[PDB]
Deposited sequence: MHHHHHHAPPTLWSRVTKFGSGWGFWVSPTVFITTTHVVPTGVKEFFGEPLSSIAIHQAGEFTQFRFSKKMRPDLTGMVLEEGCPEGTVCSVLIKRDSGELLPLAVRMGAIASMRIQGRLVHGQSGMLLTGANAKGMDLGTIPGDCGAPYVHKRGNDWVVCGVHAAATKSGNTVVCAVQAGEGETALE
């Protein structure tokens, strides 16, 4: 199970969520980012290094924003067949992890936008029956997996079919 400190990195952002990889690095899905703003988390644009492509957005803040956190490994997707957890939070603070089996990393077009991403299949047998990943507010949620005693983040939720049975996370190139 993703531990409490890992969930504490999942942060409401724009029209979805993002995730603190370290005290200075925040990741999210590009389409959830607010536009026309002068700051993120109170920090001026001039103090943030932005790197975004293919629906993956990274912010690197000049100041330590979340010094409570260790830096963890961010990878460009994961090996095919990895089971990830998508760390979906809801507005109440309820935690709703979504288990997904990952498939190929590829560049694909979704609603006319380039997504550099990794597809995956919802695991019906590892999830409670109910709309995880299939509402706009769930985009940006991180895809994580445990490697040894360490958690790795490898993408951010970007897309899913109507049913939610097939998902895509954006990945950092």
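Undergrad: Please list, in sequence order, every stretch of the deposited sequence that lacks C-alpha coordinates.
TA: Several stretches lack coordinates - namely 1-6, 137, 181-188, in sequence order.
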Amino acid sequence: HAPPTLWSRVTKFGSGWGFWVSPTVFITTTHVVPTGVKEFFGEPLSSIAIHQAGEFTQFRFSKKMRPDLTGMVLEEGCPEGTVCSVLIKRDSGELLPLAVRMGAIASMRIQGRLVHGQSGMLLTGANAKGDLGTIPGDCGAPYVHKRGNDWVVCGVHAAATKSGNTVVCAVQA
From here on, numbers count along this sequence of modelled residues.
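So that the term is clear: the rigid core is the largest set of C-alpha atoms that superpose within 1.5 Å between two forms.
Undergrad: Which stretch is less alike in 8 other deposited structures of this protein, 69-77 or 92-100, counting RMS CA distance after the rigid core is superposed?
TA: After superposing on the rigid core, the more displaced stretch in 8 other deposited structures of this protein is 92-100.
Undergrad: Between 23-31 and 135-143, where do the CA atoms move more in 8 other deposited structures of this protein, taking the root mean square over the structures and residues after a core fit?
TA: Taking the RMS over all superposed structures in 8 other deposited structures of this protein, 135-143 lies farther out.
Undergrad: In a third or more of the other entries compared, is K129 missing its coordinates?
TA: It is, since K129 is left out of at least a third of the other entries that model both flanking stretches.
Undergrad: State which stretch shows the higher mean Cα B factor in the entry: 161-169 or 8-16.
TA: Per the deposited B-factors, the answer is 161-169.
Undergrad: Looking at the deposited entry, does 141-149 or 26-34 carry the larger mean Cα B-factor?
TA: Looking at the recorded C-alpha B-factors, 141-149 comes out higher on average.
Undergrad: Can you tell me which of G117, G120, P44, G125 has the maximum CA B-factor listed in the PDB entry?
TA: Most elevated C-alpha B-factor of the set, per the entry: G125.
Undergrad: By its CA B factor, does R113 count among the lowest, middle or highest third of the modelled residues in the chain?
TA: Its C-alpha B-factor, which the entry lists for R113, ranks in the highest third among residues of this chain.
Undergrad: Hey, what third does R66 fall into on Cα B-factor, ranked over its chain?
TA: Its C-alpha B-factor belongs to the lowest third of this chain's values.
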